[PDB]
$ cat coords27.pdb   # PDB, C-alpha atoms
ATOM      1  CA  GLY A   1     -53.443  63.515 -69.055  1.00  0.00           C
ATOM      2  CA  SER A   2     -52.154  60.719 -66.834  1.00  0.00           C
ATOM      3  CA  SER A   3     -54.002  61.252 -63.551  1.00  0.00           C
ATOM      4  CA  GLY A   4     -56.133  58.244 -62.666  1.00  0.00           C
ATOM      5  CA  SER A   5     -59.270  57.942 -64.782  1.00  0.00           C
ATOM      6  CA  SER A   6     -57.536  56.372 -67.782  1.00  0.00           C
ATOM      7  CA  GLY A   7     -56.550  52.981 -69.162  1.00  0.00           C
ATOM      8  CA  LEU A   8     -59.446  51.155 -67.517  1.00  0.00           C
ATOM      9  CA  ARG A   9     -58.758  47.909 -65.656  1.00  0.00           C
ATOM     10  CA  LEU A  10     -58.938  44.611 -67.544  1.00  0.00           C
ATOM     11  CA  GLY A  11     -62.331  43.444 -66.317  1.00  0.00           C
ATOM     12  CA  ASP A  12     -64.445  46.408 -65.243  1.00  0.00           C
ATOM     13  CA  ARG A  13     -67.956  47.520 -66.191  1.00  0.00           C
ATOM     14  CA  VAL A  14     -67.629  50.551 -68.465  1.00  0.00           C
ATOM     15  CA  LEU A  15     -70.152  52.589 -70.449  1.00  0.00           C
ATOM     16  CA  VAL A  16     -69.894  52.407 -74.241  1.00  0.00           C
ATOM     17  CA  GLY A  17     -71.748  55.069 -76.199  1.00  0.00           C
ATOM     18  CA  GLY A  18     -73.702  56.309 -73.204  1.00  0.00           C
ATOM     19  CA  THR A  19     -76.241  53.548 -72.617  1.00  0.00           C
ATOM     20  CA  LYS A  20     -74.742  50.155 -73.453  1.00  0.00           C
ATOM     21  CA  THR A  21     -72.977  48.764 -70.383  1.00  0.00           C
ATOM     22  CA  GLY A  22     -70.100  46.363 -70.958  1.00  0.00           C
ATOM     23  CA  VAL A  23     -67.084  44.947 -69.140  1.00  0.00           C
ATOM     24  CA  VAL A  24     -63.580  45.590 -70.472  1.00  0.00           C
ATOM     25  CA  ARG A  25     -62.070  42.466 -72.033  1.00  0.00           C
ATOM     26  CA  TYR A  26     -59.038  43.930 -73.804  1.00  0.00           C
ATOM     27  CA  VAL A  27     -56.955  47.089 -73.428  1.00  0.00           C
ATOM     28  CA  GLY A  28     -54.152  48.294 -75.681  1.00  0.00           C
ATOM     29  CA  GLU A  29     -53.140  49.181 -79.230  1.00  0.00           C
ATOM     30  CA  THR A  30     -54.654  47.391 -82.224  1.00  0.00           C
ATOM     31  CA  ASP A  31     -53.530  46.269 -85.680  1.00  0.00           C
ATOM     32  CA  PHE A  32     -56.003  48.248 -87.787  1.00  0.00           C
ATOM     33  CA  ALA A  33     -56.371  51.767 -86.389  1.00  0.00           C
ATOM     34  CA  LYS A  34     -53.723  54.043 -84.881  1.00  0.00           C
ATOM     35  CA  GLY A  35     -53.912  54.680 -81.148  1.00  0.00           C
ATOM     36  CA  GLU A  36     -55.122  52.654 -78.175  1.00  0.00           C
ATOM     37  CA  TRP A  37     -58.484  50.875 -78.230  1.00  0.00           C
ATOM     38  CA  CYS A  38     -60.539  49.101 -75.564  1.00  0.00           C
ATOM     39  CA  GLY A  39     -62.579  45.979 -76.240  1.00  0.00           C
ATOM     40  CA  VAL A  40     -65.817  46.293 -74.286  1.00  0.00           C
ATOM     41  CA  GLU A  41     -68.058  43.230 -74.027  1.00  0.00           C
ATOM     42  CA  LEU A  42     -71.809  43.801 -73.765  1.00  0.00           C
ATOM     43  CA  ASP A  43     -74.448  41.558 -72.193  1.00  0.00           C
ATOM     44  CA  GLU A  44     -76.827  41.655 -75.161  1.00  0.00           C
ATOM     45  CA  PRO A  45     -76.195  40.999 -78.894  1.00  0.00           C
ATOM     46  CA  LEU A  46     -75.506  44.674 -79.593  1.00  0.00           C
ATOM     47  CA  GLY A  47     -71.910  44.349 -80.750  1.00  0.00           C
ATOM     48  CA  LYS A  48     -70.130  44.399 -84.103  1.00  0.00           C
ATOM     49  CA  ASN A  49     -67.472  41.724 -83.604  1.00  0.00           C
ATOM     50  CA  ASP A  50     -66.287  39.097 -81.121  1.00  0.00           C
ATOM     51  CA  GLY A  51     -62.908  40.574 -80.241  1.00  0.00           C
ATOM     52  CA  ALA A  52     -61.368  39.451 -83.524  1.00  0.00           C
ATOM     53  CA  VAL A  53     -59.832  41.890 -86.005  1.00  0.00           C
ATOM     54  CA  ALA A  54     -58.850  40.279 -89.305  1.00  0.00           C
ATOM     55  CA  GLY A  55     -58.247  36.991 -87.519  1.00  0.00           C
ATOM     56  CA  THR A  56     -56.332  38.627 -84.680  1.00  0.00           C
ATOM     57  CA  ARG A  57     -58.202  37.635 -81.519  1.00  0.00           C
ATOM     58  CA  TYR A  58     -57.019  39.377 -78.352  1.00  0.00           C
ATOM     59  CA  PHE A  59     -59.772  37.884 -76.194  1.00  0.00           C
ATOM     60  CA  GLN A  60     -62.097  34.917 -76.700  1.00  0.00           C
ATOM     61  CA  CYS A  61     -65.693  36.137 -76.925  1.00  0.00           C
ATOM     62  CA  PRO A  62     -69.010  34.907 -78.424  1.00  0.00           C
ATOM     63  CA  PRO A  63     -70.269  36.296 -81.780  1.00  0.00           C
ATOM     64  CA  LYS A  64     -71.998  39.672 -81.490  1.00  0.00           C
ATOM     65  CA  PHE A  65     -70.891  40.717 -78.005  1.00  0.00           C
ATOM     66  CA  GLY A  66     -67.526  42.460 -78.105  1.00  0.00           C
ATOM     67  CA  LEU A  67     -67.231  46.011 -79.420  1.00  0.00           C
ATOM     68  CA  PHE A  68     -63.888  47.692 -80.105  1.00  0.00           C
ATOM     69  CA  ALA A  69     -63.973  51.374 -79.152  1.00  0.00           C
ATOM     70  CA  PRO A  70     -61.334  54.085 -78.485  1.00  0.00           C
ATOM     71  CA  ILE A  71     -60.099  54.365 -74.900  1.00  0.00           C
ATOM     72  CA  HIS A  72     -60.939  58.073 -74.734  1.00  0.00           C
ATOM     73  CA  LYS A  73     -64.419  57.117 -75.949  1.00  0.00           C
ATOM     74  CA  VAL A  74     -64.998  54.893 -72.913  1.00  0.00           C
ATOM     75  CA  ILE A  75     -66.622  55.901 -69.624  1.00  0.00           C
ATOM     76  CA  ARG A  76     -66.091  54.216 -66.257  1.00  0.00           C
ATOM     77  CA  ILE A  77     -68.908  53.372 -63.845  1.00  0.00           C
ATOM     78  CA  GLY A  78     -66.860  52.348 -60.825  1.00  0.00           C
ATOM     79  CA  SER A  79     -65.232  54.890 -58.520  1.00  0.00           C
ATOM     80  CA  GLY A  80     -62.073  54.274 -56.519  1.00  0.00           C
ATOM     81  CA  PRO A  81     -61.523  57.402 -54.367  1.00  0.00           C
ATOM     82  CA  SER A  82     -65.104  57.359 -53.084  1.00  0.00           C
ATOM     83  CA  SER A  83     -66.898  56.778 -49.781  1.00  0.00           C
ATOM     84  CA  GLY A  84     -70.540  57.807 -49.994  1.00  0.00           C
TER
END

$ encode --input "coords27.pdb" --output "structure tokens"
Amino acid sequence: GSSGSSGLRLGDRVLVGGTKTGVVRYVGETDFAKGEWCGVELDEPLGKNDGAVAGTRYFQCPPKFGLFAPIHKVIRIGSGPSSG
């Protein structure tokens, strides 16, 4: 469903899991799992990797910070078509 809330910009604060807030560092397909994944970087050491899959590093990040998760499994915090 290509409407608007999809893809996630490269550098936006998104929710991963439903509690851990992290900014998007990478967006696109991977070389391990089929489909499109999004590399979300957290503020605390609550990650699994540092944006490196089998040596393939899409984005430079410190150890235990970046967490690769499916795009559909990512929630956005920012709203574009909003006013308040």

$ resolve_selection --input "coords27.pdb" --expression "the PyMOL selection byres ((chain A and resi 13) around 8)" --output "PyMOL selection string"
chain A and resi 11-12+14-15+21-24+76-78

$ write_last_selection --input "coords27.pdb" --atoms "C-alpha atoms" --output "PDB file, keeping the file's coordinate frame"
ATOM      1  CA  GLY A  11     -62.331  43.444 -66.317  1.00  0.00           C
ATOM      2  CA  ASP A  12     -64.445  46.408 -65.243  1.00  0.00           C
ATOM      3  CA  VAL A  14     -67.629  50.551 -68.465  1.00  0.00           C
ATOM      4  CA  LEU A  15     -70.152  52.589 -70.449  1.00  0.00           C
ATOM      5  CA  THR A  21     -72.977  48.764 -70.383  1.00  0.00           C
ATOM      6  CA  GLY A  22     -70.100  46.363 -70.958  1.00  0.00           C
ATOM      7  CA  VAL A  23     -67.084  44.947 -69.140  1.00  0.00           C
ATOM      8  CA  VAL A  24     -63.580  45.590 -70.472  1.00  0.00           C
ATOM      9  CA  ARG A  76     -66.091  54.216 -66.257  1.00  0.00           C
ATOM     10  CA  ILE A  77     -68.908  53.372 -63.845  1.00  0.00           C
ATOM     11  CA  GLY A  78     -66.860  52.348 -60.825  1.00  0.00           C
TER      12      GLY A  78
END

$ closest_residue --input "coords27.pdb" --among "A:17, A:55, A:80, A:47" --to "residue A:4" --atoms "all atoms listed in the file"
A:80

$ residues_near_point --input "coords27.pdb" --point "(-61.7, 49.9, -77.9)" --cutoff "7 Å" --atoms "only C-alpha atoms" --output "count of residues only"
9

$ closest_residue --input "coords27.pdb" --among "A:30, A:83, A:7, A:43" --to "residue A:57" --atoms "only C-alpha atoms"
A:30

$ atom_distance --input "coords27.pdb" --atom1 "atom CA of residue A:59" --atom2 "atom CA of residue A:25"
6.6 Å

$ resolve_selection --input "coords27.pdb" --expression "the PyMOL selection byres ((chain A and resi 46) around 10)" --output "MDAnalysis selection string"
chainID A and resid 20 41:45 47:49 64:67

$ atom_distance --input "coords27.pdb" --atom1 "atom CA of residue A:32" --atom2 "atom CA of residue A:75"
22.4 Å

$ residues_around --input "coords27.pdb" --residues "residue A:58" --least-positions-apart "2" --cutoff "9 Å" --atoms "all atoms listed in the file" --output "number ranges by chain"
A: 25-26, 39, 51-53, 56, 60

$ atom_distance --input "coords27.pdb" --atom1 "atom CA of residue A:36" --atom2 "atom CA of residue A:72"
8.7 Å

$ axis_aligned_box --input "coords27.pdb" --around "stretch 30-37 of chain A" --padding-each-side "8 Å" --output "lines of an AutoDock Vina configuration file"
center_x = -56.0
center_y = 50.5
center_z = -83.0
size_x = 21.0
size_y = 24.4
size_z = 25.6

$ closest_residue --input "coords27.pdb" --among "A:54, A:84, A:79, A:62" --to "residue A:9" --atoms "all atoms listed in the file"
A:79

$ decode --input "coords27.pdb" --residues "stretch 11-66 of chain A" --atoms "C-alpha atoms" --output "PDB file, in the first residue's frame"
ATOM      1  CA  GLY A  11      17.325   9.991   9.455  1.00  0.00           C
ATOM      2  CA  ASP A  12      14.054  10.063  11.378  1.00  0.00           C
ATOM      3  CA  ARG A  13      13.133   8.957  14.899  1.00  0.00           C
ATOM      4  CA  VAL A  14      11.101   5.755  14.605  1.00  0.00           C
ATOM      5  CA  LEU A  15       9.730   3.308  17.173  1.00  0.00           C
ATOM      6  CA  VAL A  16      11.228  -0.190  17.170  1.00  0.00           C
ATOM      7  CA  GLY A  17       9.303  -2.862  19.045  1.00  0.00           C
ATOM      8  CA  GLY A  18       6.991  -0.397  20.749  1.00  0.00           C
ATOM      9  CA  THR A  19       9.224   1.237  23.349  1.00  0.00           C
ATOM     10  CA  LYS A  20      12.779   1.566  22.039  1.00  0.00           C
ATOM     11  CA  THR A  21      13.123   4.840  20.132  1.00  0.00           C
ATOM     12  CA  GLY A  22      15.739   5.001  17.394  1.00  0.00           C
ATOM     13  CA  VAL A  23      16.614   7.052  14.322  1.00  0.00           C
ATOM     14  CA  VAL A  24      16.679   5.413  10.890  1.00  0.00           C
ATOM     15  CA  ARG A  25      20.233   4.968   9.607  1.00  0.00           C
ATOM     16  CA  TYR A  26      19.654   2.655   6.644  1.00  0.00           C
ATOM     17  CA  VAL A  27      16.688   1.805   4.420  1.00  0.00           C
ATOM     18  CA  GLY A  28      16.504  -0.858   1.727  1.00  0.00           C
ATOM     19  CA  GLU A  29      16.960  -4.539   0.916  1.00  0.00           C
ATOM     20  CA  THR A  30      19.583  -6.644   2.690  1.00  0.00           C
ATOM     21  CA  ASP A  31      21.896  -9.541   1.839  1.00  0.00           C
ATOM     22  CA  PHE A  32      20.625 -12.085   4.367  1.00  0.00           C
ATOM     23  CA  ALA A  33      16.826 -11.986   4.507  1.00  0.00           C
ATOM     24  CA  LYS A  34      14.328 -11.495   1.681  1.00  0.00           C
ATOM     25  CA  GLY A  35      12.429  -8.215   1.599  1.00  0.00           C
ATOM     26  CA  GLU A  36      13.227  -4.667   2.689  1.00  0.00           C
ATOM     27  CA  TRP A  37      14.714  -3.936   6.114  1.00  0.00           C
ATOM     28  CA  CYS A  38      15.331  -0.724   8.057  1.00  0.00           C
ATOM     29  CA  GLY A  39      18.369  -0.169  10.255  1.00  0.00           C
ATOM     30  CA  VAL A  40      17.209   1.705  13.344  1.00  0.00           C
ATOM     31  CA  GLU A  41      19.855   3.123  15.679  1.00  0.00           C
ATOM     32  CA  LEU A  42      19.009   3.349  19.379  1.00  0.00           C
ATOM     33  CA  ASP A  43      20.411   5.729  21.995  1.00  0.00           C
ATOM     34  CA  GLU A  44      21.206   3.032  24.557  1.00  0.00           C
ATOM     35  CA  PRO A  45      23.149  -0.263  24.197  1.00  0.00           C
ATOM     36  CA  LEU A  46      19.990  -2.232  23.414  1.00  0.00           C
ATOM     37  CA  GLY A  47      20.906  -3.375  19.917  1.00  0.00           C
ATOM     38  CA  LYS A  48      22.124  -6.615  18.360  1.00  0.00           C
ATOM     39  CA  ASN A  49      24.613  -5.343  15.780  1.00  0.00           C
ATOM     40  CA  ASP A  50      26.283  -2.160  14.537  1.00  0.00           C
ATOM     41  CA  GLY A  51      24.795  -2.014  11.053  1.00  0.00           C
ATOM     42  CA  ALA A  52      27.073  -4.769   9.775  1.00  0.00           C
ATOM     43  CA  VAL A  53      25.737  -8.016   8.313  1.00  0.00           C
ATOM     44  CA  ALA A  54      28.446 -10.589   7.612  1.00  0.00           C
ATOM     45  CA  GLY A  55      30.942  -7.799   7.020  1.00  0.00           C
ATOM     46  CA  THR A  56      28.540  -5.805   4.861  1.00  0.00           C
ATOM     47  CA  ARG A  57      28.266  -2.411   6.557  1.00  0.00           C
ATOM     48  CA  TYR A  58      25.609  -0.111   5.103  1.00  0.00           C
ATOM     49  CA  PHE A  59      26.099   2.562   7.765  1.00  0.00           C
ATOM     50  CA  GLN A  60      28.915   3.234  10.230  1.00  0.00           C
ATOM     51  CA  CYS A  61      27.639   2.771  13.784  1.00  0.00           C
ATOM     52  CA  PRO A  62      29.114   1.957  17.236  1.00  0.00           C
ATOM     53  CA  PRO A  63      28.900  -1.609  18.658  1.00  0.00           C
ATOM     54  CA  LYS A  64      25.537  -2.432  20.233  1.00  0.00           C
ATOM     55  CA  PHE A  65      23.418   0.413  18.861  1.00  0.00           C
ATOM     56  CA  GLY A  66      22.018  -0.451  15.445  1.00  0.00           C
TER      57      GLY A  66
END
